[PDB]
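Two separate entries follow, structure 1 and structure 2, each one form of the same protein chain as structure tokens.
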Structure 1
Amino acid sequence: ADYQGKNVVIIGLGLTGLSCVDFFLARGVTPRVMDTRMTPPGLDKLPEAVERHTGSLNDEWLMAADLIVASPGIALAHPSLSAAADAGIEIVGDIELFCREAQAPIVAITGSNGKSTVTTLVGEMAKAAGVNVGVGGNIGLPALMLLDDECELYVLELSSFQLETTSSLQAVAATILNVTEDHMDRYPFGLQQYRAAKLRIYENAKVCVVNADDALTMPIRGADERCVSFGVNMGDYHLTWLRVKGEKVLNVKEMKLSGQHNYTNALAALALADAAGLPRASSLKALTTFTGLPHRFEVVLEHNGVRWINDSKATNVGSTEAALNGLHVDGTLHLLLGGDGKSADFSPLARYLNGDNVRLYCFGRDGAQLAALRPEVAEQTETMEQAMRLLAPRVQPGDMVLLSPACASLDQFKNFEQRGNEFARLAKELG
């Protein structure tokens, strides 16, 4: 889509809002942004060129917009947004922007509780088949931070909020795991209004994975030829053995998790991966190794009042930004950055590195550019080990050593997992 020369206004300066701001700036469009909160988390992350209004909405800005991008945290029913809509001003959310740009199929997942687990599993099933997969959305990493012409499949966890502002989603496979009322303050007209939001996920979906045990997850107008279902004792995928299309496929003894819940999660996940075209071989393997939703970070050592945190999986700028958001650091943050990154996306990261309590240790191929984000507090070495031996004598009680590289590790390691193990070993010897 073209946004050149449009008056764009973004509502919400949280993770989503910031991703949108960067999305637009990276296309030569300077948006105006607002948030009803006086000091939203992304306020100090904006470039000075961006006009901002916080503490309330600025209605003149909204009414003068060509496009309004509304974060999930504000309701379309808000009088300011209702007014803009009546005047015919287009309103979209980050997921909508994402769908317009995506060049790979999308598996979409929504429902209430357990959403993240099913999303994560589908992601693993894709990893097992060797698919460069991008997992994001409501699960944590804003969808727009995943855009990459290298990505071969996207797995998105979506909230009813994101769904209300999305119109161009055409999922290869979509599901509403269940419909259980939550966030009802955002749906004052009842369960039907609430159900309607989730149902949007099936619009133009190639295959709709439905919950045989929850009739509300069926698209309105009964189930069609696109619908495949999962359930405990009923459905295309059901239950011990996992039954699929009438044929047993796996004895639950082969998977690490147990319990009904963990089984229907595995079934819903398989139904989605089958629909997305992933080989059942690899999907089943993933089901047999899956040990659940991983922790956000791996604490490799906590000694002398210092925490050494491994987030080697943050292979891009958006992930590192996500790791830094709301990060509690009692003393100084010794941030490790480096490897093979996407230089085109480095500039915005500098805005997350301000303050008197942050030190950068940059290494690898793009270490020089990374260190250049804020030279005054950065050290530059060739390897991560050198960088760590550098910081070791410098840490004091209360500090945090964080490996959240913002780059891939292929220039010096076999994979980010190995880079993380290296970090674990070195932290134990040095901390």
Structure 2
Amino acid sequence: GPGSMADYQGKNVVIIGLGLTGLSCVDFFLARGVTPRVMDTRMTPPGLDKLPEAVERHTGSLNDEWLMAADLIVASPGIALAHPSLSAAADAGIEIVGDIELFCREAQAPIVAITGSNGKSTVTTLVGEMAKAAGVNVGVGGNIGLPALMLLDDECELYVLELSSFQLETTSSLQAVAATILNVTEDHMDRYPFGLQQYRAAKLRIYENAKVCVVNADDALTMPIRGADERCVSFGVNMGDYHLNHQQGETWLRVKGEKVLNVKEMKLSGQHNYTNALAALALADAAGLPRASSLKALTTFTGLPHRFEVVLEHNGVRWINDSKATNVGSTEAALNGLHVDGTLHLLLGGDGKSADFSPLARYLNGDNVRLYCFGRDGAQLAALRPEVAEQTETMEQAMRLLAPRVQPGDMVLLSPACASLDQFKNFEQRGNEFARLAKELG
């Protein structure tokens, strides 16, 4: 076999997808003296604009004869291996990989690999900042806006990748120095018709040939398929190798029975972000990054926008933008362990996508919760507890109802449990508008 010298010259290479990921695949092959073919089911993918002239392209459908003539099919993670054209190619013995597989074959530095339903971007970015604080030339990517292949460089000393279940499904050569599944929550049902354990099985690939597995002590679906083993290091809220310690208003990160940092030294807030910080510290430790610089990064990291982000703290009221919470599991992570001295003013709503909101109910009793429900499916959210709920069409209308009612001690939390597209371009615009209105009203 080729060994570490995968060579694609002379091969008929077919890329599916003209988003940024597929374009990064085009660039990869061109750099190696291979002109691939590309296809996309969209009639006019934006990425068409960026193709060289010599790359043959087919848009508006998949081209079956191109697939069946291929020596190698590179499938963007947005097309299911179950698509009948790809299943037909597989049944013919044609090799199907994805961008992360091509990346793993060529990477010449250790890889930290991060997947999970919620928290991937925060943990990935934070491990990256831990590496930067150590002076390491780290390459951070894998999100849709920074495809892994663009990171490849002999100057890179460490890679930190956010990986989706879809990318993992086509990846066989990953040998992570440290890997985590942060959590597994019901999500992506369309792509996993056999349910939660099928979705999990895709994520479990991340641990294959990983040197260290960083597992979530609070989520058994993050354990390796045959259970915990000698590679496993855990993070959790109450216990685990990395966990949280709370005493009389103070909270500390704790590692192997030793407090390591008072969270007042951090810029992140929220239980879920603290467990993200624990996961990141575990991954950094396992990768060999110096503990002292990793702690320093925990004190400087601002966090990403829209991830339990404090956008205003004024007159004793914390206004928190958790617009990244586009599903029930994410909002559950925001509400679990939430500390509010006064009243929680919780903003829910948008396009709920026919989700079951039942899991949120257990968090909404008690005398100190008010709901402000908006968007397409606002009525379904108010139904969780009508007596403490208001319903408006828009987020602005909801915020104008709650603003005259807040008192010192209160929290205003936008963790909507829904997609934003009924009223916003995306969840970032929703969070930015929440931030603007909090500054106007708070």
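So that the term is clear: the rigid core is the largest set of C-alpha atoms that superpose within 1.5 Å between two forms. Quick note, the numbers are simply positions in structure 1, starting from 1.
S.K.: Specify which of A196, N233, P219, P294 corresponds to the hinge in the chain, comparing the rigid parts between structures 1 and 2.
M.R.: The listed residue located at a hinge is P294.
S.K.: From C-alpha superpositions of the two rigid parts, what is the smaller part's rotation angle between structures 1 and 2, in degrees?
M.R.: Relative rotation between the rigid parts: 121 degrees.
S.K.: Using a rigid core fit, what is the CA shift at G137 between structures 1 and 2, in angstrom?
M.R.: Once the two forms are fitted on their core, the shift reads 0.4 Å.
S.K.: Please state the CA displacement of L257 between structures 1 and 2 in angstrom, with both forms fitted on the core.
M.R.: Its alpha carbon moves by 2.1 Å.
S.K.: After lining up the core, report the Cα displacement of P405 between structures 1 and 2 in Å, one decimal place.
M.R.: It moves 36.6 Å at the C-alpha.
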